[PDB]
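As a plain string of letters, each chain reads:
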Amino acid sequence: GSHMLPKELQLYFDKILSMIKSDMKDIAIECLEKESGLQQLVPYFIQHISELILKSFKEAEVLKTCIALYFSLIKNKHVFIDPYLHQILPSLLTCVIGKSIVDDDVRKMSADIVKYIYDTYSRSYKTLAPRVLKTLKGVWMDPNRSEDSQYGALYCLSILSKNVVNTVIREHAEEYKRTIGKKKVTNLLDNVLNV
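The rules behind each value
- Residues numbered from 1 in each chain as written, not as in the entry; some residues may be left out.
- Heavy atoms only, no water.
- Salt bridge = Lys/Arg side-chain N within 4 Å of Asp/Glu carboxyl O.
- Helix = DSSP H or I, 4+ residues; strand = E, 2+ residues; numbered from the N terminus.
- Buried < 20%, exposed > 50% of the residue type's maximum accessible area, 1.4 Å probe, protein only.
- Expected span 1.5 Å × (residues − 1).
- Contact = heavy atoms within 4.5 Å.
- Polar contact = N/O pair within 3.5 Å; in protein donor to acceptor, adjacent residues only side chain to side chain.

A. Summary view of the pattern of salt bridges. If you walk through the whole model with that rule in mind, you get eight salt bridges. Two residues, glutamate 61 and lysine 64, come together in a salt bridge whose shortest N-O distance is 3.0 Å. In this pair, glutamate 61 and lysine 64 both sit in helix α4 (residues 60-75), three residues apart, roughly one turn of the helix. We classify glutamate 61 as partly exposed; its relative accessible area is 48%. The partner of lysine 184 in a salt bridge is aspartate 104, and the shortest N-O contact between them spans 2.8 Å. In this pair, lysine 184 sits in helix α10 (residues 183-194) while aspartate 104 sits in helix α6 (residues 104-121), placing the two residues 80 residues apart along the sequence. The buried category is assigned to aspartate 104, whose relative accessible area is 19%.

So, in structure tokens, the structure goes:
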């Protein structure tokens, strides 16, 4: 727990978190991409940020800051992110598919980070791509899921690769249209399949 960190590291950790909901959010995003010596804080930042996303479904600007903080830690040349991708990915996927999110820009922004992880790490870590594809195809094809959830799931699938569009999307398009057919989803589907 963060209460067990050396004093100076807990104070820095608390300072960054306090900047998320403030006019200094952009400085916090820069700090997490550029600062050295943050490795010990990494699991705690991910744990707090994941918890904050669950509490912030109706705060689009807070969700965007959370997604940007994850990307900063992923890009930080002074951090080793690989052991934490298993915790970041489901939190980003909650922003893509979450039922309580009202902003499409949040879903797309998070989907862009999922794509970066997919492109960067799927060939290194075998379980990564199957887990991501299973979650997304599951949400898109679920008749109980909302229009916005299915849209986020399809948008994310659509940007991963041409092979995902051709395997996953092309294979299930007719079943989606026949059995669910939510207009916002079918509109996206028609645009994806024309390319």
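The discussion continues.
B. Up close: α6. Between its terminal C-alpha atoms α6 stretches 26 Å, which fits the 26 Å expected from 18 residues at 1.5 Å a residue. Where α6 is concerned, the buried positions are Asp104, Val106, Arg107, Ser110, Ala111, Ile113, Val114, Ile117, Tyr118 and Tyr121. For α6, the secondary structure elements touched by its buried residues are α4, α5 (85-97), α7 (128-140), α8 (147-160), α9 (162-179) and α10. With a side-chain oxygen lying 3.1 Å from the backbone nitrogen of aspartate 105, the N-terminal cap of α6 falls on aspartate 103.

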